[PDB]
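Okay, structure first, notes after.
Values in this text are rule-based calculations from the coordinates and carry no lab data. Here Cβ is always computed from backbone atoms with ideal geometry, including for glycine, and neighbour counts include all displayed protein chains.
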Amino acid sequence: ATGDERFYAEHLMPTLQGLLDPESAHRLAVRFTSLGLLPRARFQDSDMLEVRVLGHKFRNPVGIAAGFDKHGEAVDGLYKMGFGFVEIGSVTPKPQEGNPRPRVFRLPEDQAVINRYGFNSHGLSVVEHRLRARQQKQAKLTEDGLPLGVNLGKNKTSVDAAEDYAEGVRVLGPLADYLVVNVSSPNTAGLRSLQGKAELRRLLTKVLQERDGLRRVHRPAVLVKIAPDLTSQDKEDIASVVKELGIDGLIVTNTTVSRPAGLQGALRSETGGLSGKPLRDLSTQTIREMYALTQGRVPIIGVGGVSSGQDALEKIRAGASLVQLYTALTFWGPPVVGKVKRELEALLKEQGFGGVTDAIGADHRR
Ligand SMILES: CCn1c(CO)nn(-c2cc3c(C(C)C)nn(-c4ccccc4C)c(=O)c3cc2F)c1=O
Ligand SMILES: Cc1cc2nc3c(=O)[nH]c(=O)nc-3n(C[C@H](O)[C@H](O)[C@H](O)COP(=O)(O)O)c2cc1C
Ligand SMILES: O=C(O)c1cc(=O)[nH]c(=O)[nH]1
Ligand SMILES: [Cl-]
Ligand SMILES: [Cl-]
Ligand SMILES: [Cl-]
Ligand SMILES: [Cl-]
Ligand SMILES: [Cl-]
Ligand SMILES: [Cl-]
Ligand SMILES: [Cl-]
Ligand SMILES: [Cl-]
């Protein structure tokens, strides 16, 4: 453990979170990150953390999940934290305010958060201009193993969900290494019903035709991000559609609308998606089931409750090629990124893996 990891986790983050409302803490974090007001990322990425997937090199397999940088304001600062890849969004076609405040709740006793932001978004036009300002900087970052993902959502009042996603592909597809069709927010009425077989096949056919229409150097991978709350039937149907259409990957999982037994936080019964420690194993077991249903042939980005190298390696061994985190950053701060990478490298060596690639899906081969 570095001096910074202990100071941030034991003193600085609890002090700052105790002084700020949770949404004010989020907004300030995006500000600090965009300005590069960050502790030194001491950790040097080794060859054994490199992953080749989704048509790209990833210098390390630890990404920032969607929701932290919804509007693409802090991308360069997130690479400066030591993330191997950055995902921005969700972005909606038109700007929208999201839900009324309060809409994000801390459960420190559970190392969890509940949010009901409701896709607060600057909209595609603003994010398009923000990414265009650094488009060639991003091309050089991607070539250097630091890809960019863009997560697409839909407007609250949209009548045609598929047209909202198509508009996102058109506008931000040319600026992205991968796109995410986010059909798993718990905080937009009817959105999760787009995970159903008939609705998903129609939606994803339209998204893939739009993506295929982009010029080659501007043609991103397309991933579907799924809920942790799916039935066995829902998961079987998603696996079938992903293989039928040649979807490039899955992000597993979004936040849960479940409230696992044992939550202690006073705010446990707030409406919204639960993230952090209580989601971790529900996410890992969703990765495990989606890897099996897709015969290990569909790359998975594993997300939900990662705050250590062990958490990351459990998702990799379950079938994830890459992992993301968000909620751990609210408790540990920026040093968590180097912490997870150092612990993951040590565990790969201890368990006899040559690198991350050798560990992907290893549990299925036992
Ligand atoms: C879920 C909403 N949500 C919450 C509330 O649940 N917190 N949160 C958050 C806050 C912070 C904060 C603030 C405490 C100032 N600061 N820093 C930091 C510290 C020192 C130096 C450089 C930075 C960016 C972080 O990294 C950081 C990350 C975060 F995710 C965040 O997105
Ligand atoms: C405040 C907050 C906002 C989020 N917003 C989004 C979003 O816009 N799009 C999305 O696909 N996921 C969103 N998520 C979900 C995260 O990307 C992630 O799937 C989930 O929080 C589990 O990871 P974690 O336990 O490491 O936070 C959000 C999560 C949080 C905590
Ligand atoms: O905007 C939000 O409320 C949001 C979107 C999403 O996909 N997941 C989440 O937990 N919140
Ligand atoms: Cl590849
Ligand atoms: Cl709170
Ligand atoms: Cl425009
Ligand atoms: Cl372009
Ligand atoms: Cl295609
Ligand atoms: Cl079921
Ligand atoms: Cl429940
Ligand atoms: Cl809820």
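Below is a table of values for the structure above.
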{"read-out": "Output for segment 29-41, where each listed residue is in a loop (DSSP other than H, G, I, E, B) and either closer than 12 Å to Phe331 by Cβ or not charged (D, E, K, R) (or both)", "value": "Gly36, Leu37, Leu38, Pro39, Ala41"}
{"read-out": "Single condition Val159 does not satisfy, out of (1) out of contact with any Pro (no Cβ under 9 Å at 6 or more places or on another chain); (2) within 16 Å of ligand 6 (Cβ to nearest atom)", "value": "(2)"}
{"read-out": "Listing of strands (runs of 3 or more DSSP E) fully contained in segment 199-284 that carry 1 or more residues being touching an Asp or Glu at 6+ places or on another chain (Cβ under 6 Å) and away from ligand 11 (no atom under 16 Å from the Cβ)", "value": "221-226"}
{"read-out": "Leading residue by the ranking (nearest to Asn115 (Cα to Cα)) among those in segment 267-283 that are away from ligand 5 (no atom under 16 Å from the Cβ) and without any contact (Cβ under 8 Å) to a residue 40 or more places away in the chain", "value": "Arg280"}
{"read-out": "Residue within segment 305-315 that is within 16 Å of ligand 3 (Cβ to nearest atom) and either of a type in the set (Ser, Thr, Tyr) or surrounded by 23 or more Cβ atoms within 10 Å (Cβ to Cβ) (or both) present", "value": "yes"}
{"read-out": "Selection count where residues are more than 16 Å from ligand 3 (Cβ to nearest atom) and either polar (S, T, N, Q) or on the phi > 0 side of the Ramachandran plot (or both), scope segment 112-150", "value": "6"}
{"read-out": "Strands (runs of 3 or more DSSP E) lying entirely in segment 42-138 (those with 3 or more residues that are more than 16 Å from ligand 7 (Cβ to nearest atom) and buried (at least 23 other Cβ atoms within 10 Å of the Cβ))", "value": "62-64, 85-91, 112-115"}
{"read-out": "Criterion violated by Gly173 - all others in (1) closer than 13 Å to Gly89 by Cβ; (2) more than 16 Å from ligand 8 (Cβ to nearest atom) satisfied", "value": "(2)"}
{"read-out": "Selected residue (criterion: farthest from the chain's Cα centre (by Cα)) from residues of segment 15-28 that are touching a residue at least 40 places away in the same chain (Cβ under 8 Å) and assigned to a helix (DSSP H, G or I)", "value": "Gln17"}
{"read-out": "Residues satisfying the stated conditions in segment 182-222, i.e. in contact with a helix residue (DSSP H, G or I) (Cβ under 6 Å, 6 or more places away or on another chain) and of a type in the set (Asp, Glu)", "value": "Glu210"}
{"read-out": "Residue count, segment 326-366 (criterion: in contact with a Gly (Cβ under 6 Å, 6 or more places away or on another chain) and in a loop (DSSP other than H, G, I, E, B))", "value": "2"}
{"read-out": "Hits in segment 195-236 (condition: among the β-branched types (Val, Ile, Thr) and exposed (fewer than 15 other Cβ atoms within 10 Å of the Cβ))", "value": "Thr205, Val217, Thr231"}
{"read-out": "Single unsatisfied condition, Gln264 versus (1) more than 18 Å from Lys154 (Cα to Cα); (2) polar (S, T, N, Q); (3) within 16 Å of ligand 9 (Cβ to nearest atom); (4) in contact (Cβ under 8 Å) with a residue 40 or more places away in the chain", "value": "(3)"}
{"read-out": "Tally, over segment 199-247, of residues that are away from ligand 7 (no atom under 16 Å from the Cβ) and either in contact (Cβ under 8 Å) with a residue 60 or more places away in the chain or among the aromatic types (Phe, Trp, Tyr) (or both)", "value": "5"}
{"read-out": "Filter result (assigned to a helix (DSSP H, G or I) and of a type in the set (A, V, I, L, M, F, W, C)) within segment 176-198", "value": "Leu191, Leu194, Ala198"}
